[PDB]
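> Input structure: final.txt, which contains compact mmCIF, N, CA and C atoms and all ligand atoms.
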```txt
# COMPACT_ATOMS: atom_id res chain seq x y z
N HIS Z 1 -47.71 27.93 -17.42
CA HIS Z 1 -46.36 27.38 -17.36
C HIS Z 1 -45.45 27.95 -18.44
N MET Z 2 -45.96 28.08 -19.69
CA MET Z 2 -45.22 28.61 -20.83
C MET Z 2 -45.11 30.14 -20.77
N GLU Z 3 -46.17 30.82 -20.27
CA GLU Z 3 -46.24 32.27 -20.13
C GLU Z 3 -45.27 32.81 -19.07
N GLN Z 4 -45.04 32.03 -18.00
CA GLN Z 4 -44.14 32.38 -16.89
C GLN Z 4 -42.68 32.44 -17.35
N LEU Z 5 -42.24 31.44 -18.16
CA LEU Z 5 -40.89 31.32 -18.71
C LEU Z 5 -40.53 32.48 -19.65
N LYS Z 6 -41.53 33.03 -20.38
CA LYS Z 6 -41.36 34.17 -21.28
C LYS Z 6 -41.10 35.45 -20.48
N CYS Z 7 -41.73 35.56 -19.29
CA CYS Z 7 -41.58 36.68 -18.36
C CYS Z 7 -40.20 36.64 -17.70
N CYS Z 8 -39.66 35.42 -17.47
CA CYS Z 8 -38.34 35.17 -16.88
C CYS Z 8 -37.22 35.72 -17.77
N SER Z 9 -37.44 35.71 -19.11
CA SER Z 9 -36.51 36.24 -20.10
C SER Z 9 -36.50 37.77 -20.03
N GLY Z 10 -37.65 38.36 -19.70
CA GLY Z 10 -37.83 39.80 -19.54
C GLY Z 10 -37.12 40.35 -18.32
N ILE Z 11 -37.08 39.55 -17.23
CA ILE Z 11 -36.41 39.90 -15.97
C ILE Z 11 -34.89 39.89 -16.19
N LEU Z 12 -34.37 38.86 -16.90
CA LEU Z 12 -32.95 38.70 -17.23
C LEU Z 12 -32.45 39.81 -18.16
N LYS Z 13 -33.30 40.23 -19.13
CA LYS Z 13 -33.00 41.30 -20.09
C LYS Z 13 -32.87 42.66 -19.40
N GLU Z 14 -33.72 42.91 -18.38
CA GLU Z 14 -33.71 44.14 -17.57
C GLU Z 14 -32.42 44.20 -16.75
N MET Z 15 -32.01 43.04 -16.18
CA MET Z 15 -30.79 42.90 -15.38
C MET Z 15 -29.52 43.12 -16.22
N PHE Z 16 -29.57 42.75 -17.52
CA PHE Z 16 -28.47 42.90 -18.47
C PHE Z 16 -28.37 44.31 -19.06
N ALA Z 17 -29.47 45.10 -19.00
CA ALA Z 17 -29.56 46.47 -19.53
C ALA Z 17 -28.59 47.46 -18.89
N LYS Z 18 -28.29 48.56 -19.61
CA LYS Z 18 -27.37 49.64 -19.21
C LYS Z 18 -27.78 50.39 -17.94
N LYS Z 19 -29.09 50.38 -17.61
CA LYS Z 19 -29.67 51.04 -16.43
C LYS Z 19 -29.12 50.48 -15.11
N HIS Z 20 -28.93 49.15 -15.04
CA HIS Z 20 -28.43 48.45 -13.85
C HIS Z 20 -26.96 48.00 -13.97
N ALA Z 21 -26.34 48.24 -15.15
CA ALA Z 21 -24.96 47.87 -15.51
C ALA Z 21 -23.86 48.24 -14.51
N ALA Z 22 -24.06 49.32 -13.71
CA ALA Z 22 -23.09 49.79 -12.71
C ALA Z 22 -22.85 48.81 -11.56
N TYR Z 23 -23.86 47.98 -11.23
CA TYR Z 23 -23.78 46.98 -10.16
C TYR Z 23 -24.06 45.55 -10.64
N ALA Z 24 -24.49 45.39 -11.91
CA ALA Z 24 -24.80 44.09 -12.52
C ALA Z 24 -23.64 43.45 -13.29
N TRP Z 25 -22.58 44.24 -13.62
CA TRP Z 25 -21.42 43.77 -14.38
C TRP Z 25 -20.62 42.61 -13.73
N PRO Z 26 -20.43 42.49 -12.38
CA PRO Z 26 -19.68 41.32 -11.87
C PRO Z 26 -20.48 40.01 -11.89
N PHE Z 27 -21.72 40.05 -12.40
CA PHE Z 27 -22.62 38.89 -12.47
C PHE Z 27 -22.93 38.44 -13.91
N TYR Z 28 -22.40 39.17 -14.92
CA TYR Z 28 -22.60 38.88 -16.35
C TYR Z 28 -22.01 37.53 -16.76
N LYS Z 29 -20.69 37.37 -16.61
CA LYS Z 29 -19.92 36.17 -16.96
C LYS Z 29 -19.58 35.33 -15.70
N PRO Z 30 -19.21 34.03 -15.82
CA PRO Z 30 -18.87 33.25 -14.61
C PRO Z 30 -17.67 33.80 -13.84
N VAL Z 31 -17.62 33.53 -12.53
CA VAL Z 31 -16.56 33.98 -11.62
C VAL Z 31 -15.20 33.40 -12.04
N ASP Z 32 -14.28 34.28 -12.49
CA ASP Z 32 -12.94 33.91 -12.93
C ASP Z 32 -12.03 33.67 -11.72
N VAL Z 33 -11.73 32.39 -11.44
CA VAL Z 33 -10.90 31.96 -10.31
C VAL Z 33 -9.41 32.24 -10.52
N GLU Z 34 -8.91 32.07 -11.76
CA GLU Z 34 -7.50 32.25 -12.12
C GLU Z 34 -7.08 33.71 -12.30
N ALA Z 35 -7.92 34.52 -12.99
CA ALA Z 35 -7.65 35.93 -13.27
C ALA Z 35 -7.68 36.82 -12.02
N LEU Z 36 -8.62 36.57 -11.09
CA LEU Z 36 -8.77 37.33 -9.85
C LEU Z 36 -7.94 36.76 -8.68
N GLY Z 37 -7.49 35.52 -8.83
CA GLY Z 37 -6.68 34.82 -7.83
C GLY Z 37 -7.49 34.32 -6.64
N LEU Z 38 -8.69 33.78 -6.91
CA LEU Z 38 -9.59 33.24 -5.90
C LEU Z 38 -9.40 31.71 -5.84
N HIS Z 39 -8.31 31.29 -5.18
CA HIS Z 39 -7.89 29.89 -5.03
C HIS Z 39 -8.87 29.01 -4.25
N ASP Z 40 -9.59 29.59 -3.28
CA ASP Z 40 -10.53 28.87 -2.42
C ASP Z 40 -12.01 29.01 -2.83
N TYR Z 41 -12.29 29.62 -4.01
CA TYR Z 41 -13.66 29.82 -4.50
C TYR Z 41 -14.38 28.50 -4.81
N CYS Z 42 -13.70 27.57 -5.51
CA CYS Z 42 -14.26 26.25 -5.85
C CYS Z 42 -14.41 25.35 -4.61
N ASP Z 43 -13.61 25.61 -3.56
CA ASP Z 43 -13.63 24.88 -2.29
C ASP Z 43 -14.87 25.24 -1.46
N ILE Z 44 -15.20 26.55 -1.38
CA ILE Z 44 -16.34 27.07 -0.62
C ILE Z 44 -17.63 26.99 -1.46
N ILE Z 45 -17.62 27.54 -2.68
CA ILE Z 45 -18.77 27.54 -3.59
C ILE Z 45 -18.80 26.23 -4.40
N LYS Z 46 -19.76 25.35 -4.06
CA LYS Z 46 -19.94 24.04 -4.69
C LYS Z 46 -20.69 24.14 -6.02
N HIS Z 47 -21.74 24.98 -6.07
CA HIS Z 47 -22.56 25.19 -7.27
C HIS Z 47 -22.48 26.66 -7.73
N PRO Z 48 -21.52 27.01 -8.62
CA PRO Z 48 -21.41 28.41 -9.07
C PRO Z 48 -22.48 28.79 -10.09
N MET Z 49 -22.90 30.07 -10.08
CA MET Z 49 -23.93 30.59 -10.99
C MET Z 49 -23.67 32.04 -11.44
N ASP Z 50 -24.07 32.35 -12.68
CA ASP Z 50 -23.94 33.66 -13.32
C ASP Z 50 -25.10 33.89 -14.30
N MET Z 51 -25.35 35.16 -14.69
CA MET Z 51 -26.42 35.57 -15.60
C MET Z 51 -26.37 34.90 -16.98
N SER Z 52 -25.16 34.63 -17.52
CA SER Z 52 -24.97 33.97 -18.82
C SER Z 52 -25.41 32.51 -18.78
N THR Z 53 -25.14 31.81 -17.66
CA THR Z 53 -25.52 30.40 -17.44
C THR Z 53 -27.04 30.28 -17.30
N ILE Z 54 -27.68 31.23 -16.56
CA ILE Z 54 -29.14 31.28 -16.36
C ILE Z 54 -29.81 31.55 -17.72
N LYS Z 55 -29.20 32.44 -18.54
CA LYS Z 55 -29.67 32.79 -19.89
C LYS Z 55 -29.59 31.57 -20.81
N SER Z 56 -28.47 30.81 -20.76
CA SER Z 56 -28.23 29.60 -21.55
C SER Z 56 -29.18 28.46 -21.17
N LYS Z 57 -29.45 28.30 -19.85
CA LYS Z 57 -30.36 27.28 -19.32
C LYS Z 57 -31.81 27.59 -19.71
N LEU Z 58 -32.16 28.89 -19.78
CA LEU Z 58 -33.48 29.37 -20.16
C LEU Z 58 -33.66 29.30 -21.69
N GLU Z 59 -32.58 29.58 -22.46
CA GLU Z 59 -32.57 29.52 -23.93
C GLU Z 59 -32.83 28.10 -24.42
N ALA Z 60 -32.49 27.09 -23.59
CA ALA Z 60 -32.74 25.68 -23.85
C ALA Z 60 -34.13 25.35 -23.25
N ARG Z 61 -34.20 24.47 -22.22
CA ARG Z 61 -35.43 24.06 -21.53
C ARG Z 61 -35.13 23.42 -20.16
N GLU Z 62 -34.11 23.95 -19.45
CA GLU Z 62 -33.67 23.45 -18.14
C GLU Z 62 -34.67 23.67 -17.01
N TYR Z 63 -35.47 24.75 -17.07
CA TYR Z 63 -36.47 25.06 -16.04
C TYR Z 63 -37.88 24.70 -16.49
N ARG Z 64 -38.62 23.96 -15.64
CA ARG Z 64 -40.01 23.56 -15.90
C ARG Z 64 -40.94 24.74 -15.61
N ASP Z 65 -40.78 25.37 -14.43
CA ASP Z 65 -41.54 26.52 -13.97
C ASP Z 65 -40.62 27.70 -13.61
N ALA Z 66 -41.21 28.85 -13.25
CA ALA Z 66 -40.48 30.07 -12.86
C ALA Z 66 -39.73 29.91 -11.53
N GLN Z 67 -40.19 28.98 -10.66
CA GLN Z 67 -39.59 28.68 -9.36
C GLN Z 67 -38.17 28.12 -9.50
N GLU Z 68 -37.94 27.29 -10.54
CA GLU Z 68 -36.63 26.69 -10.85
C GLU Z 68 -35.65 27.76 -11.34
N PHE Z 69 -36.16 28.75 -12.10
CA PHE Z 69 -35.39 29.89 -12.61
C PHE Z 69 -34.96 30.77 -11.43
N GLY Z 70 -35.92 31.09 -10.56
CA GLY Z 70 -35.73 31.90 -9.36
C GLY Z 70 -34.70 31.33 -8.41
N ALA Z 71 -34.70 29.99 -8.25
CA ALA Z 71 -33.77 29.24 -7.40
C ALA Z 71 -32.33 29.37 -7.91
N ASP Z 72 -32.15 29.49 -9.24
CA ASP Z 72 -30.85 29.65 -9.89
C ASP Z 72 -30.34 31.09 -9.77
N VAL Z 73 -31.24 32.09 -9.91
CA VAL Z 73 -30.91 33.52 -9.78
C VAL Z 73 -30.54 33.80 -8.31
N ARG Z 74 -31.28 33.19 -7.36
CA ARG Z 74 -31.02 33.32 -5.92
C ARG Z 74 -29.73 32.61 -5.51
N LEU Z 75 -29.33 31.54 -6.25
CA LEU Z 75 -28.09 30.79 -6.02
C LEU Z 75 -26.90 31.70 -6.34
N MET Z 76 -27.00 32.49 -7.44
CA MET Z 76 -26.00 33.46 -7.89
C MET Z 76 -25.72 34.50 -6.79
N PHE Z 77 -26.78 34.99 -6.12
CA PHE Z 77 -26.66 35.95 -5.03
C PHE Z 77 -26.15 35.30 -3.74
N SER Z 78 -26.66 34.09 -3.40
CA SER Z 78 -26.27 33.32 -2.21
C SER Z 78 -24.78 32.95 -2.23
N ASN Z 79 -24.23 32.67 -3.42
CA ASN Z 79 -22.81 32.35 -3.61
C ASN Z 79 -21.94 33.57 -3.29
N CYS Z 80 -22.43 34.77 -3.67
CA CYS Z 80 -21.75 36.05 -3.44
C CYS Z 80 -21.72 36.41 -1.95
N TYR Z 81 -22.81 36.11 -1.22
CA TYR Z 81 -22.90 36.39 0.22
C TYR Z 81 -22.07 35.42 1.06
N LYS Z 82 -21.99 34.14 0.65
CA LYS Z 82 -21.26 33.09 1.36
C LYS Z 82 -19.73 33.25 1.28
N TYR Z 83 -19.19 33.43 0.06
CA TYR Z 83 -17.75 33.55 -0.18
C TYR Z 83 -17.14 34.88 0.30
N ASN Z 84 -17.60 36.00 -0.28
CA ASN Z 84 -17.09 37.35 -0.01
C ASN Z 84 -17.38 37.88 1.40
N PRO Z 85 -16.52 38.77 1.97
CA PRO Z 85 -16.80 39.32 3.31
C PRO Z 85 -18.04 40.22 3.32
N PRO Z 86 -18.77 40.36 4.46
CA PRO Z 86 -19.99 41.20 4.46
C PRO Z 86 -19.81 42.67 4.10
N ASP Z 87 -18.58 43.20 4.19
CA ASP Z 87 -18.23 44.59 3.90
C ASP Z 87 -17.67 44.83 2.48
N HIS Z 88 -17.59 43.77 1.64
CA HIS Z 88 -17.07 43.86 0.27
C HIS Z 88 -18.01 44.62 -0.67
N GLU Z 89 -17.43 45.27 -1.70
CA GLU Z 89 -18.15 46.05 -2.72
C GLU Z 89 -19.14 45.21 -3.54
N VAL Z 90 -18.75 43.96 -3.89
CA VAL Z 90 -19.56 43.03 -4.69
C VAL Z 90 -20.83 42.56 -3.93
N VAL Z 91 -20.80 42.55 -2.58
CA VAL Z 91 -21.93 42.16 -1.72
C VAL Z 91 -23.03 43.24 -1.80
N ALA Z 92 -22.62 44.53 -1.75
CA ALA Z 92 -23.52 45.68 -1.86
C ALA Z 92 -24.13 45.75 -3.27
N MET Z 93 -23.35 45.35 -4.30
CA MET Z 93 -23.77 45.30 -5.70
C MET Z 93 -24.78 44.17 -5.90
N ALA Z 94 -24.60 43.04 -5.18
CA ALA Z 94 -25.49 41.88 -5.22
C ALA Z 94 -26.86 42.24 -4.64
N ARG Z 95 -26.87 43.01 -3.53
CA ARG Z 95 -28.07 43.48 -2.84
C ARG Z 95 -28.92 44.37 -3.75
N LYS Z 96 -28.27 45.31 -4.47
CA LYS Z 96 -28.91 46.24 -5.40
C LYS Z 96 -29.52 45.50 -6.59
N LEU Z 97 -28.82 44.49 -7.14
CA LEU Z 97 -29.31 43.68 -8.25
C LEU Z 97 -30.43 42.74 -7.79
N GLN Z 98 -30.35 42.23 -6.54
CA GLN Z 98 -31.38 41.36 -5.95
C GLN Z 98 -32.67 42.15 -5.76
N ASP Z 99 -32.56 43.44 -5.35
CA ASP Z 99 -33.69 44.36 -5.16
C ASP Z 99 -34.47 44.52 -6.47
N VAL Z 100 -33.75 44.57 -7.61
CA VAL Z 100 -34.32 44.68 -8.95
C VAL Z 100 -35.03 43.36 -9.33
N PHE Z 101 -34.35 42.21 -9.13
CA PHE Z 101 -34.89 40.88 -9.43
C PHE Z 101 -36.15 40.58 -8.62
N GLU Z 102 -36.06 40.65 -7.27
CA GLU Z 102 -37.17 40.38 -6.34
C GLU Z 102 -38.43 41.19 -6.62
N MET Z 103 -38.28 42.46 -7.04
CA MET Z 103 -39.40 43.36 -7.36
C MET Z 103 -40.16 42.92 -8.61
N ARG Z 104 -39.43 42.58 -9.69
CA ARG Z 104 -40.00 42.15 -10.97
C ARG Z 104 -40.51 40.70 -10.91
N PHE Z 105 -39.77 39.81 -10.20
CA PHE Z 105 -40.10 38.39 -10.04
C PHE Z 105 -41.36 38.17 -9.19
N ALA Z 106 -41.67 39.10 -8.28
CA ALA Z 106 -42.85 39.03 -7.42
C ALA Z 106 -44.12 39.40 -8.18
N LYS Z 107 -44.01 40.32 -9.16
CA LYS Z 107 -45.12 40.82 -9.98
C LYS Z 107 -45.53 39.86 -11.12
N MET Z 108 -45.57 38.55 -10.83
CA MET Z 108 -45.96 37.47 -11.75
C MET Z 108 -46.31 36.17 -11.00
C1 LIG D 1 -13.16 39.60 -5.30
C2 LIG D 1 -14.55 39.65 -5.89
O1 LIG D 1 -14.60 38.75 -6.99
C3 LIG D 1 -15.93 38.42 -7.20
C4 LIG D 1 -16.62 37.64 -6.34
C5 LIG D 1 -18.03 37.32 -6.63
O2 LIG D 1 -18.64 36.62 -5.83
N1 LIG D 1 -18.55 37.86 -7.79
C6 LIG D 1 -19.92 37.59 -8.15
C7 LIG D 1 -17.81 38.64 -8.64
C8 LIG D 1 -16.53 38.94 -8.39
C9 LIG D 1 -15.90 39.77 -9.41
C10 LIG D 1 -15.51 39.17 -10.59
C11 LIG D 1 -14.97 39.93 -11.62
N2 LIG D 1 -14.54 39.36 -12.87
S1 LIG D 1 -15.40 38.09 -13.66
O3 LIG D 1 -14.97 38.04 -15.04
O4 LIG D 1 -15.32 36.89 -12.85
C12 LIG D 1 -17.09 38.65 -13.64
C13 LIG D 1 -17.27 39.89 -14.49
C14 LIG D 1 -14.81 41.29 -11.44
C15 LIG D 1 -15.19 41.89 -10.26
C16 LIG D 1 -15.73 41.13 -9.24
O5 LIG D 1 -16.16 41.69 -8.04
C17 LIG D 1 -15.56 42.86 -7.60
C18 LIG D 1 -14.21 42.90 -7.31
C19 LIG D 1 -13.65 44.08 -6.86
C20 LIG D 1 -14.44 45.20 -6.70
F1 LIG D 1 -13.89 46.34 -6.26
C21 LIG D 1 -15.79 45.15 -6.97
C22 LIG D 1 -16.34 43.97 -7.42
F2 LIG D 1 -17.65 43.92 -7.70
```
Written as structure tokens, how would this file's structure read?

Amino acid sequence: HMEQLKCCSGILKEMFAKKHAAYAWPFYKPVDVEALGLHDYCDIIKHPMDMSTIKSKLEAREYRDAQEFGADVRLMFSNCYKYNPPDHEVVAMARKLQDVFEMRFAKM
């Protein structure tokens, strides 16, 4: 249980690294509704998620097991697929970052 949570920090650190930075940058900080002009984001997305919030929740003790961590990382991607159109640039970036997460998260 304790060993799994330490590995979860390693997955988040890889996602934050310069290697994946080209498609991981719109997921670093929370979705800015006022700056981008996304008036209906809070209406459609009920539970918003970002890499900084997952990092903060992990830095504390919000997740009991790795499954709770995974559910939050998958929520971040699910929010991107629900709100944005299927042909948007951020959707393709979410798929590439999910490919990185799913590969490392499965190997534990
Ligand atoms: C209209 C798309 O807006 C978003 C919806 C969404 O679901 N996500 C996860 C992110 C963004 C998003 C948020 C920020 N700015 S921010 O400070 O909030 C985060 C750094 C910056 C870019 C963002 O996306 C893109 C927008 C245009 C483009 F050409 C490619 C993009 F990738």
> Check the smallest atom-to-atom distance from each of Z:29, Z:39, Z:55, Z:107 to ligand LIG 1 (chain D) using only N, CA and C atoms and all ligand atoms, then report the winner.
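The answer is Z:29, which sits nearest to ligand LIG 1 (chain D).
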> Just want the residues within 6 Å of ligand LIG 1 (chain D), written as a ChimeraX atom specification, counting only N, CA and C atoms and all ligand atoms.
/Z:25-33,79-80,84,89-90
> For residue Z:97, which residue out of Z:15, Z:49, Z:35, Z:58 is the nearest one, using all atoms listed in the file?
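Going through Z:15, Z:49, Z:35, Z:58 one by one, the smallest distance to residue Z:97 is for Z:15.
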> Could you state the separation of atom CA of residue Z:19 and atom CA of residue Z:47 in Å, given to one decimal place?
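Value for the atom CA of residue Z:19-atom CA of residue Z:47 distance: 28.3 Å.
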> With 8 Å as the threshold, what does the neighbourhood of (-36.4, 36.5, -11.6) contain in terms of residues, counting only N, CA and C atoms? Coordinates are those of the file; answer as JSON, numbers by chain.
{"Z": [7, 8, 9, 10, 11, 12, 66, 69, 70, 71, 73, 74, 100, 101, 102, 103, 104, 105, 106]}
